[PDB]
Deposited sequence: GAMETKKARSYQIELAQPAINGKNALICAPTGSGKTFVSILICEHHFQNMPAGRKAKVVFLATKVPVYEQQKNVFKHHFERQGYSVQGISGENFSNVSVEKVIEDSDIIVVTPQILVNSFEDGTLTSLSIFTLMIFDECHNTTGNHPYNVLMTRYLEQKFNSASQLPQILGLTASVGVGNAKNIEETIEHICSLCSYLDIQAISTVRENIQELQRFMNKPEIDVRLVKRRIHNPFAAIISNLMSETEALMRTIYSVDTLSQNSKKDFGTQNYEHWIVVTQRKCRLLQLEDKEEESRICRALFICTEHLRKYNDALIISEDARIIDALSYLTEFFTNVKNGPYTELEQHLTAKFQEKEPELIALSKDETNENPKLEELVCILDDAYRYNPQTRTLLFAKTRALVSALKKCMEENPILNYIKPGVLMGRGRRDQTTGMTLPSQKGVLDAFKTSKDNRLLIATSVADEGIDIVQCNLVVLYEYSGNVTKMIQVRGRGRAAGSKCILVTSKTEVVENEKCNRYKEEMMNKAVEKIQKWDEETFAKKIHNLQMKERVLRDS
């Protein structure tokens, strides 16, 4: 048991309702089992302890059931794990119950159970969800009912308390205290006397955000985008708008399900027809994505290959047409391939990063994350045709191009800290939107920590009152 782990569990060990706030993968659950065994050890009276470990998601719930089983059954404790797949008995028999909250919620509104005195200690995983119509809030709302009128020790575990829609630290404080009021928290526990240790234990990788230039003119987009408009036009004729996006690929998968579905000779023919139209739109969509992030010779290549296969396949009247209508524009597109002037500067900086990355450490094993499968093959081609990366041979081998030693997120539109979990990281982007989100989150983190510090430095009674009063306020608006 690490020092920070033991620091974390102090207040809860000392009987207080505590909210443990510590990064994902610092072993908060272990800090919880630490608290449990000390719970059982120092339990007075003829009263017997009972512990609930609530878990938000059912995949997690099973890992925690097993982890609590594995640790405590060998020490002579009964540990059942109730799930969606009689709560009266299971609670009565067991010393430790790992549960989903909805089911505990059910058995309270169902009538089966109508007291939380049963439990001596309730552990809330991902406790920041205690808000609105999340089942923790209900459970706690009931907890709060039984508080004033006529209680288990509360422990809540979260990687982040968050900052709601706060404007400034002082508005953030109010959020955290509001949250704290919902869980009846008496203490906010974070690592202070062991920040050294905690940091070492999980090297949070520096996230380099490199905003890169995306070329000015992309008529290839326009040509193709119009071919897509026309194909959609056609499609609509047979069956009674921002292209080159994930959104569009979604719609295609959606629409393609509606068309499988659907005079069964009539039905059939509209299906084929629509399947063919969606398939072609998808390939267009793919190519648009390839062009945005790679060379235009890759996007045209991708399509040339496609239509060859269509030319070689069954080659329906509808397919003949659509190939025909593509070739009508092919010259114009073949023109933009050769340019040599109109090449992707997003790619340049990707390679430029890759060059200087392989200079400070030529023994690097780089893991490049493309935006789509079709990009991987296009990027794979590019590395094999580059004068700068003439030294390097990739893989799908000191470089690995994959899709969603060193991690390169080549245009990843989404939460980065998550993707890292699936120490050196670079997020390459052209969207300014993506770049400012990083600075927004880091800043929001900044506020949470300092907010927590400022709160942590209050007197214990001062704190209690803030919470007490806040709880009373809610109570008043729940008559």
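Stretches of the deposited sequence left without coordinates are 1-7, 93-97, 163-165, 256-264, 287-289, 424-453, 462-472, 491-498, 556, in sequence order.
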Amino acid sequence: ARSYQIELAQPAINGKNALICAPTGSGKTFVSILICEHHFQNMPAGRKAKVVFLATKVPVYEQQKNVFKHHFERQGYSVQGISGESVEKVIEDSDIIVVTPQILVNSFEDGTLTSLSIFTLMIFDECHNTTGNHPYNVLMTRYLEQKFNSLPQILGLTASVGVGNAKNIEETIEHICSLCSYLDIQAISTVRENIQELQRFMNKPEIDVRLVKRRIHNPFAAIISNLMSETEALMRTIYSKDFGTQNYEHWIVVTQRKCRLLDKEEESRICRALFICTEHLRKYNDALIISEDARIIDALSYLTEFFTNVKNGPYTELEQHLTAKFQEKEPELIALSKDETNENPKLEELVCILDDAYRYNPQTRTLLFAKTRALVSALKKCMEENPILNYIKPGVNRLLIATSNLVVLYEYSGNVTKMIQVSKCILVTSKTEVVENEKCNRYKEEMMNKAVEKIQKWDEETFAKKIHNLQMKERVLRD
From here on, numbers count along this sequence of modelled residues.
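Relative to its counterpart among 429-437 and 48-56, 429-437 has the higher mean temperature factor, C-alpha atoms as listed in the PDB entry. As listed in the deposited structure, the average C-alpha B-factor of 411-419 and of 60-68 is greater for 411-419.
You'll see in the entry that, of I123, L375, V99, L389, the Cα B factor peaks at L389. Within the selection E232, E249, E174, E340, the deposited Cα B-factor values reach their highest point at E340.
The entry lists a Cα temperature factor for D184 that places it in the lowest third of the chain's modelled residues. In the PDB entry, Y77 places in the lowest third of its chain by CA B-factor. Remark: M447 belongs to the middle third of its chain, ranked by C-alpha B-factor as recorded. The deposited CA B-factor of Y136 belongs to the lowest third of values across its chain. When the CA B factors of the chain's modelled residues are split into thirds, the value for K454 lands in the middle one.
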